[PDB]
Amino acid sequence: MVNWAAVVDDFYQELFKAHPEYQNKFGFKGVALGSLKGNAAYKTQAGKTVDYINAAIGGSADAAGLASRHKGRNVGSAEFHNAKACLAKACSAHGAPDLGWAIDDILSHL
Ligand code: HEM
């Protein structure tokens, strides 16, 4: 099976390297990027991100609901366009299919 957990870990490394301020919105705010793997808040969040990817692929993802929840954190189209770029890099590093179409689905509700 595709190692989505690894892809997700690379995604967050890219995302927070390019936009460290995004990290302030999470429970692992202020935690050094190289140490996120040992952080409990991060582990939970990464697992949910992996779950969402598997749900998008599986056909059960609620993109409208995810979009609405991100709006509820003042995270919008600009952030998701940046995310799309970091996720594209992360997917290629692991021989994984691109997930741009899934981010587009979320963006369609933002
Ligand atoms: C590939 C793009 C993204 C995906 C697939 C994604 C996915 C998710 C999922 C599944 C959750 C959990 C939602 C729930 O529990 O119902 C979540 C929460 C969250 N996301 Fe994202 N997200 C993405 C991009 C971003 C970006 C760019 C930001 C910018 C800050 C962001 C900020 C947040 C925040 C603040 C939460 C809530 C964290 C908490 O509850 O402590 N997300 N995201």
# chains A, B, ... in the order shown; residues from 1 in each chain; ligands from 1

$ residues_near_ligand --ligand "ligand 1" --cutoff "6 Å" --atoms "only C-alpha atoms and all ligand atoms" --output "PyMOL selection string"
chain A and resi 22+25-27+48-49+52+70+73+75+79-80+83

$ residues_around --residues "residue 50 of chain A" --least-positions-apart "4" --cutoff "10 Å" --atoms "only C-alpha atoms" --output "MDAnalysis selection string"
chainID A and resid 3:9 45:46 54:56

$ atom_distance --atom1 "atom CA of residue 29 of chain A" --atom2 "atom CA of residue 105 of chain A"
27.6 Å

$ residues_around --residues "residue 16 of chain A" --least-positions-apart "5" --cutoff "10 Å" --atoms "only C-alpha atoms" --output "PDB file with N, CA and C atoms, in the first residue's frame"
ATOM      1  N   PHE A  11       4.702  16.376   3.576  1.00  0.00           N
ATOM      2  CA  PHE A  11       3.818  17.504   3.327  1.00  0.00           C
ATOM      3  C   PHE A  11       3.913  18.578   4.429  1.00  0.00           C
ATOM      4  N   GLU A  21       4.197  30.280   9.971  1.00  0.00           N
ATOM      5  CA  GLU A  21       3.109  30.896  10.715  1.00  0.00           C
ATOM      6  C   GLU A  21       1.843  30.031  10.711  1.00  0.00           C
ATOM      7  N   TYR A  22       1.674  29.192   9.689  1.00  0.00           N
ATOM      8  CA  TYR A  22       0.557  28.237   9.669  1.00  0.00           C
ATOM      9  C   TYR A  22       0.602  27.310  10.888  1.00  0.00           C
ATOM     10  N   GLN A  23       1.807  26.988  11.350  1.00  0.00           N
ATOM     11  CA  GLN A  23       1.977  26.071  12.473  1.00  0.00           C
ATOM     12  C   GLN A  23       1.405  26.615  13.787  1.00  0.00           C
ATOM     13  N   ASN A  24       1.340  27.941  13.909  1.00  0.00           N
ATOM     14  CA  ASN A  24       0.766  28.579  15.099  1.00  0.00           C
ATOM     15  C   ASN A  24      -0.717  28.285  15.323  1.00  0.00           C
ATOM     16  N   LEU A  33      10.464  21.768  13.843  1.00  0.00           N
ATOM     17  CA  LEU A  33       9.950  20.926  12.753  1.00  0.00           C
ATOM     18  C   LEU A  33      10.531  19.519  12.744  1.00  0.00           C
ATOM     19  N   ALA A  83      -0.806  24.948   0.076  1.00  0.00           N
ATOM     20  CA  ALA A  83      -0.811  23.547   0.479  1.00  0.00           C
ATOM     21  C   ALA A  83      -0.726  22.623  -0.735  1.00  0.00           C
ATOM     22  N   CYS A  86       2.890  22.167  -1.776  1.00  0.00           N
ATOM     23  CA  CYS A  86       3.687  21.353  -0.865  1.00  0.00           C
ATOM     24  C   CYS A  86       3.302  19.889  -0.954  1.00  0.00           C
TER      25      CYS A  86
END

$ closest_residue --among "A:92, A:43, A:82, A:58" --to "residue 17 of chain A" --atoms "only C-alpha atoms"
A:82

$ residues_around --residues "residue 63 of chain A" --least-positions-apart "3" --cutoff "10 Å" --atoms "only C-alpha atoms" --output "VMD selection string"
chain A and resid 52 55 to 56 60 66 to 69 102 to 110

$ write_last_selection --atoms "N, CA and C atoms" --output "PDB file, in the first residue's frame"
ATOM      1  N   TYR A  52      -8.055  11.588   5.868  1.00  0.00           N
ATOM      2  CA  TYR A  52      -8.788  12.354   4.879  1.00  0.00           C
ATOM      3  C   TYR A  52      -8.381  11.980   3.454  1.00  0.00           C
ATOM      4  N   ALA A  55      -9.913   8.781   2.622  1.00  0.00           N
ATOM      5  CA  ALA A  55     -11.335   9.014   2.393  1.00  0.00           C
ATOM      6  C   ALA A  55     -11.611   9.650   1.034  1.00  0.00           C
ATOM      7  N   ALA A  56     -10.754  10.571   0.616  1.00  0.00           N
ATOM      8  CA  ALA A  56     -10.873  11.173  -0.700  1.00  0.00           C
ATOM      9  C   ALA A  56     -10.702  10.102  -1.776  1.00  0.00           C
ATOM     10  N   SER A  60     -15.385   8.625   0.288  1.00  0.00           N
ATOM     11  CA  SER A  60     -16.233   9.022   1.416  1.00  0.00           C
ATOM     12  C   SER A  60     -15.885  10.393   1.980  1.00  0.00           C
ATOM     13  N   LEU A  66     -14.875  19.713   5.231  1.00  0.00           N
ATOM     14  CA  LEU A  66     -13.484  20.034   5.537  1.00  0.00           C
ATOM     15  C   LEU A  66     -13.209  21.493   5.227  1.00  0.00           C
ATOM     16  N   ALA A  67     -13.745  21.968   4.107  1.00  0.00           N
ATOM     17  CA  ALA A  67     -13.597  23.360   3.726  1.00  0.00           C
ATOM     18  C   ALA A  67     -14.209  24.244   4.798  1.00  0.00           C
ATOM     19  N   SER A  68     -15.443  23.940   5.187  1.00  0.00           N
ATOM     20  CA  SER A  68     -16.125  24.731   6.215  1.00  0.00           C
ATOM     21  C   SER A  68     -15.349  24.774   7.542  1.00  0.00           C
ATOM     22  N   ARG A  69     -14.793  23.639   7.943  1.00  0.00           N
ATOM     23  CA  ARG A  69     -14.002  23.615   9.168  1.00  0.00           C
ATOM     24  C   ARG A  69     -12.736  24.439   9.049  1.00  0.00           C
ATOM     25  N   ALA A 102      -7.904  16.443  -5.307  1.00  0.00           N
ATOM     26  CA  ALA A 102      -8.588  16.410  -4.015  1.00  0.00           C
ATOM     27  C   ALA A 102      -8.565  17.784  -3.367  1.00  0.00           C
ATOM     28  N   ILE A 103      -7.442  18.483  -3.510  1.00  0.00           N
ATOM     29  CA  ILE A 103      -7.366  19.850  -3.012  1.00  0.00           C
ATOM     30  C   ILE A 103      -8.298  20.757  -3.823  1.00  0.00           C
ATOM     31  N   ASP A 104      -8.390  20.516  -5.129  1.00  0.00           N
ATOM     32  CA  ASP A 104      -9.332  21.261  -5.958  1.00  0.00           C
ATOM     33  C   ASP A 104     -10.768  21.078  -5.468  1.00  0.00           C
ATOM     34  N   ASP A 105     -11.108  19.864  -5.044  1.00  0.00           N
ATOM     35  CA  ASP A 105     -12.444  19.588  -4.525  1.00  0.00           C
ATOM     36  C   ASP A 105     -12.718  20.425  -3.273  1.00  0.00           C
ATOM     37  N   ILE A 106     -11.723  20.546  -2.404  1.00  0.00           N
ATOM     38  CA  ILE A 106     -11.871  21.375  -1.214  1.00  0.00           C
ATOM     39  C   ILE A 106     -11.991  22.840  -1.617  1.00  0.00           C
ATOM     40  N   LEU A 107     -11.117  23.270  -2.524  1.00  0.00           N
ATOM     41  CA  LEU A 107     -11.087  24.653  -2.986  1.00  0.00           C
ATOM     42  C   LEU A 107     -12.413  25.075  -3.612  1.00  0.00           C
ATOM     43  N   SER A 108     -13.118  24.126  -4.226  1.00  0.00           N
ATOM     44  CA  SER A 108     -14.410  24.419  -4.852  1.00  0.00           C
ATOM     45  C   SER A 108     -15.468  24.855  -3.834  1.00  0.00           C
ATOM     46  N   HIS A 109     -15.210  24.594  -2.554  1.00  0.00           N
ATOM     47  CA  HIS A 109     -16.103  25.030  -1.479  1.00  0.00           C
ATOM     48  C   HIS A 109     -15.502  26.174  -0.668  1.00  0.00           C
ATOM     49  N   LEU A 110     -14.363  26.701  -1.115  1.00  0.00           N
ATOM     50  CA  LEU A 110     -13.725  27.838  -0.449  1.00  0.00           C
ATOM     51  C   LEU A 110     -13.853  29.108  -1.291  1.00  0.00           C
TER      52      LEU A 110
END

$ select_by_dssp --residues "chain A" --states "helix (DSSP H, G or I)" --output "NGL selection string"
:A and (4-18 or 20-25 or 33-38 or 40-58 or 63-71 or 77-92 or 100-107)

$ atom_distance --atom1 "atom CA of residue 13 of chain A" --atom2 "atom CA of residue 34 of chain A"
8.2 Å

$ closest_residue --among "A:89, A:81, A:61, A:12" --to "residue 42 of chain A" --atoms "only C-alpha atoms"
A:12

$ closest_residue --among "A:20, A:97, A:30, A:76" --to "residue 57 of chain A" --atoms "only C-alpha atoms"
A:97

$ decode --residues "segment 29-50 of chain A" --atoms "N, CA, C and O atoms" --output "CSV table (one decimal), in the first residue's frame"
chain,number,residue,atom,x,y,z
A,29,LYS,N,2.0,24.1,17.9
A,29,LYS,CA,2.6,25.5,17.8
A,29,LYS,C,4.0,25.6,18.5
A,29,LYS,O,4.1,25.1,19.7
A,30,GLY,N,5.0,26.1,17.8
A,30,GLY,CA,6.3,26.4,18.4
A,30,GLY,C,7.2,25.2,18.5
A,30,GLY,O,8.4,25.4,18.8
A,31,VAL,N,6.7,24.0,18.2
A,31,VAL,CA,7.6,22.8,18.2
A,31,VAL,C,8.5,22.8,17.0
A,31,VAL,O,8.1,23.0,15.9
A,32,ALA,N,9.8,22.5,17.3
A,32,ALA,CA,10.8,22.4,16.2
A,32,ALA,C,10.3,21.4,15.1
A,32,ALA,O,9.9,20.3,15.4
A,33,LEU,N,10.5,21.8,13.8
A,33,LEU,CA,9.9,20.9,12.8
A,33,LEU,C,10.5,19.5,12.7
A,33,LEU,O,9.8,18.5,12.5
A,34,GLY,N,11.8,19.4,13.0
A,34,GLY,CA,12.5,18.1,13.1
A,34,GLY,C,12.1,17.2,14.2
A,34,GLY,O,12.5,16.1,14.3
A,35,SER,N,11.3,17.8,15.2
A,35,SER,CA,10.8,17.0,16.3
A,35,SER,C,9.3,16.7,16.3
A,35,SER,O,8.8,16.1,17.3
A,36,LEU,N,8.6,17.1,15.3
A,36,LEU,CA,7.1,16.9,15.2
A,36,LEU,C,6.7,15.5,15.3
A,36,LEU,O,5.7,15.2,15.9
A,37,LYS,N,7.6,14.6,14.8
A,37,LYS,CA,7.2,13.1,14.9
A,37,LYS,C,7.1,12.6,16.3
A,37,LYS,O,6.3,11.6,16.5
A,38,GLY,N,7.7,13.3,17.3
A,38,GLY,CA,7.5,12.9,18.7
A,38,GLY,C,6.5,13.7,19.5
A,38,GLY,O,6.5,13.6,20.7
A,39,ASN,N,5.8,14.5,18.8
A,39,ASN,CA,4.8,15.4,19.4
A,39,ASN,C,3.4,14.8,19.3
A,39,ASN,O,2.9,14.5,18.2
A,40,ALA,N,2.7,14.7,20.4
A,40,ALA,CA,1.4,14.0,20.5
A,40,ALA,C,0.3,14.7,19.7
A,40,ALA,O,-0.5,14.1,19.0
A,41,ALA,N,0.3,16.1,19.7
A,41,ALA,CA,-0.7,16.9,19.0
A,41,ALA,C,-0.4,16.6,17.5
A,41,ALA,O,-1.4,16.5,16.7
A,42,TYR,N,0.8,16.6,17.1
A,42,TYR,CA,1.1,16.4,15.7
A,42,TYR,C,0.7,15.0,15.2
A,42,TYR,O,0.1,14.9,14.1
A,43,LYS,N,1.0,14.0,16.0
A,43,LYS,CA,0.6,12.6,15.6
A,43,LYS,C,-0.9,12.5,15.3
A,43,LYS,O,-1.2,11.9,14.3
A,44,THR,N,-1.7,13.1,16.2
A,44,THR,CA,-3.1,13.1,16.0
A,44,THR,C,-3.5,13.8,14.7
A,44,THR,O,-4.3,13.3,13.9
A,45,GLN,N,-3.0,15.0,14.5
A,45,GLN,CA,-3.3,15.8,13.3
A,45,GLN,C,-2.8,15.1,12.0
A,45,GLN,O,-3.6,15.0,11.0
A,46,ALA,N,-1.6,14.5,12.0
A,46,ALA,CA,-1.1,13.8,10.8
A,46,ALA,C,-2.0,12.6,10.5
A,46,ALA,O,-2.3,12.3,9.4
A,47,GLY,N,-2.4,11.9,11.6
A,47,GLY,CA,-3.3,10.7,11.4
A,47,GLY,C,-4.6,11.1,10.7
A,47,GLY,O,-5.2,10.4,9.9
A,48,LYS,N,-5.2,12.3,11.1
A,48,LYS,CA,-6.4,12.8,10.5
A,48,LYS,C,-6.2,13.2,9.1
A,48,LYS,O,-7.1,13.0,8.3
A,49,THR,N,-5.1,13.7,8.7
A,49,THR,CA,-4.8,14.1,7.4
A,49,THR,C,-4.6,12.9,6.5
A,49,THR,O,-5.2,12.9,5.4
A,50,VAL,N,-3.9,11.9,7.0
A,50,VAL,CA,-3.9,10.6,6.3
A,50,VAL,C,-5.3,10.0,6.1
A,50,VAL,O,-5.6,9.6,5.0
